[PDB]
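J.: Sequence, then the experimental structure. Questions to follow.
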Amino acid sequence: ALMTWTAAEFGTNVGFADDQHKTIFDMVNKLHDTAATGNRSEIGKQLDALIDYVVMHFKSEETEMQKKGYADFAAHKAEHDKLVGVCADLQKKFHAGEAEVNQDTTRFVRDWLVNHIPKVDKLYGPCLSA
Ligand SMILES: [Fe+2]
Ligand SMILES: [Fe+2]
């Protein structure tokens, strides 16, 4: 629902990355649907699953970038690390009962992804596909 992956918009020419992006999009979509309900326990389970996967995806990209000497690795990692800090803060507040997760939360994640993948991830394609 919320997100649709296509190669034209988001293809990196890096198979593992494209596959992990498609999983992220599916997990955002699930959270997005659940976030229109009051099922707070289900929201939390899906939130935590999504964030765990996103962090793992970032680690996967970072390991490959740094092992190959990719030119823009440190700046790219910095973008990841700011998102992880926002996500961790959201988890802390959500799991304390101090903030809610709603469809603005999933639209923010969508916004971040739809900018980051074409403008930041695509740039590693020549290096990581070589
Ligand atoms: Fe990515
Ligand atoms: Fe990335």
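T.: Now that the structure is in, tell me what you want to look at. Residues are numbered from 1 along each chain as shown. Ligands and ions are numbered 1, 2, ... in the order given.
J.: Where is the longest helix in the chain?
T.: Identified as the longest helix of the chain according to DSSP state H is helix 40-67.
J.: That helix: which residues count as buried?
T.: Within helix 40-67, the residues scored as buried using 16 or more other CB atoms under 10 Å are 43-44, 46-47, 50-51, 54, 57-58, 61-62, 64-65. Yep, even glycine has a C-beta here, placed from its N, CA and C like the rest.
J.: now swap in stretch 79-87 and tell me
T.: Within stretch 79-87, the residues that qualify as buried are 79, 80, 83, 87, counting by 16+ other CB under 10 Å.
J.: Could you do stretch 25-45 as well?
T.: Buried-residue list, stretch 25-45, by 16+ other CB under 10 Å: 25, 27, 28, 29, 30, 31, 32, 34, 35, 43, 44.
J.: In CSV: these, plus distance to ligand 2.
T.: Below are the buried residues of stretch 25-45 laid out as CSV (distance: CB to the ion, whole Å):
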residue, distance to ligand 2
25, 14
27, 16
28, 15
29, 19
30, 21
31, 19
32, 21
34, 25
35, 24
43, 25
44, 25
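J.: residues touching the spatially most central residue of the chain, list them.
T.: With distances taken as CA atoms, centre = their mean, residue 54 lies nearest the centre of the chain, 4.6 Å away. Residues in contact with residue 54, defined by CB atoms under 8 Å, 6 or more residues apart in numbering, are 24, 83, 84, 87.
J.: Any residues of the chain in contact with ligand 2? List them.
T.: 61, 121 (CB under 5 Å from the ion).
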